[PDB]
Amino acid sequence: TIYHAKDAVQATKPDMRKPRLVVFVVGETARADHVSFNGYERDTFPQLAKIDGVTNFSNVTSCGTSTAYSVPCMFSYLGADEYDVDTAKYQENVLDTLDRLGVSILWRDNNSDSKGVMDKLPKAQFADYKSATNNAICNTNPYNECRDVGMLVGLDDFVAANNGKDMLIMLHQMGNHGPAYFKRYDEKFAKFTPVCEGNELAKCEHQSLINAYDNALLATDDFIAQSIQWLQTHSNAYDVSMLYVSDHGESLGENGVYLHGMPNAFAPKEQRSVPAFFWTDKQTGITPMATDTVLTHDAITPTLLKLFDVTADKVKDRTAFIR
């Protein structure tokens, strides 16, 4: 492997200060401009609106327009300008660094896989939550589709197994994956109706397409809120924080363009404008950056290091989501 933060050190250890517990939700296909906090005309995040300590970031751009391109870049040391997708898996990434320094890494996936990010770490630290073998919440809908909230089940046991250590938990969402947006949420989030069903998105009435997309966002609002609520059950023993960033956006009929995956040189802005949220308990001493900070996926790696009191010279002066 080729290293980029061999110099990295953790300034303080959980035996002298409170251990730190962080949930990083890797979102899927969510657009910044369909978030209520960013000006959208519908209340797509009603549950997050009721939680104090949530920062919504209004100017975040993804590294690319697809899961395969963006997810390795989100955890990279290279930054979007120097990032290479084909050789990313051979580079030391930020999870490699945190694991080397003693942070317990867990990756639960209801999307696909880590796109190479977890490859160097033991297989037991990656868990497939797309099937009923691990996910207890797949029988809540007629498609028998496993839900993101299922990734929260049993995390109390993971904390008990790593009692006293620093912990970083990645939850890779099914989220707003298309084209069958109507399958991405249970009946309790079917607020906006009617919805488009079927696959020929250009043939669907446009408003019904948007309705299905917005209902999926409601289910993600719920998932992030329940992630924070879980972390709050551990706030006494742990300094708890939550980071959410979507891997890319989505086209929804603009210029007749749908879905994502366009090359960056010709991708419409809708495919790279993503939401990001950060929450932390009042005890942690962590302070968010201003909500209007110009941010990209390049901010994720220095954010994760900073959350765990880690200094790496490569990202020393890189903009983060927190101060």
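Just count from 1 along the sequence shown to find any residue number.
Inset, instruction - Quick one: say whether 194 to 202 or 181 to 189 has the higher mean Cα B-factor in the deposited entry. - result: For C-alpha atoms only, the mean B-factor is higher in 194 to 202.
Legend entry - Average Cα temperature factor in the PDB entry - higher stretch of 84 to 92, 213 to 221: Averaging CA B-factors over each stretch, the winner is 84 to 92.
Inset, instruction - Quick one: which of 246, 176, 226, 162 shows the highest Cα temperature factor in the PDB entry? - result: In the PDB entry, the greatest C-alpha B-factor among 246, 176, 226, 162 is found at 162.
Legend entry - Residue with maximal Cα B-factor (values as given in the PDB entry) among 315, 307, 23, 300: Highest CA B-factor of the listed options: 315.
Inset, instruction - Place residue 283 in the lowest, middle or highest third of its chain's C-alpha B-factors, as listed in the PDB entry. - result: Residue 283: CA B-factor falls in the highest third of its chain.
Inset, instruction - Just say lowest, middle or highest third for the CA B-factor of residue 169 relative to the other modelled residues in its chain. - result: Residue 169: CA B-factor falls in the lowest third of its chain.
Inset, instruction - Select lowest, middle or highest to describe the third in which the CA B-factor of residue 62 falls within its chain in this entry. - result: It belongs to the lowest third of the chain when residues are ordered by C-alpha B-factor.
Inset, instruction - Consider only the C-alpha atoms of the modelled residues in this chain, order them by B-factor as the entry records it, and name the third containing residue 70: lowest, middle or highest. - result: Its C-alpha B-factor, which the entry lists for residue 70, ranks in the middle third among residues of this chain.
Inset, instruction - Just say lowest, middle or highest third for the CA B-factor of residue 150 relative to the other modelled residues in its chain. - result: Its C-alpha B-factor, which the entry lists for residue 150, ranks in the lowest third among residues of this chain.
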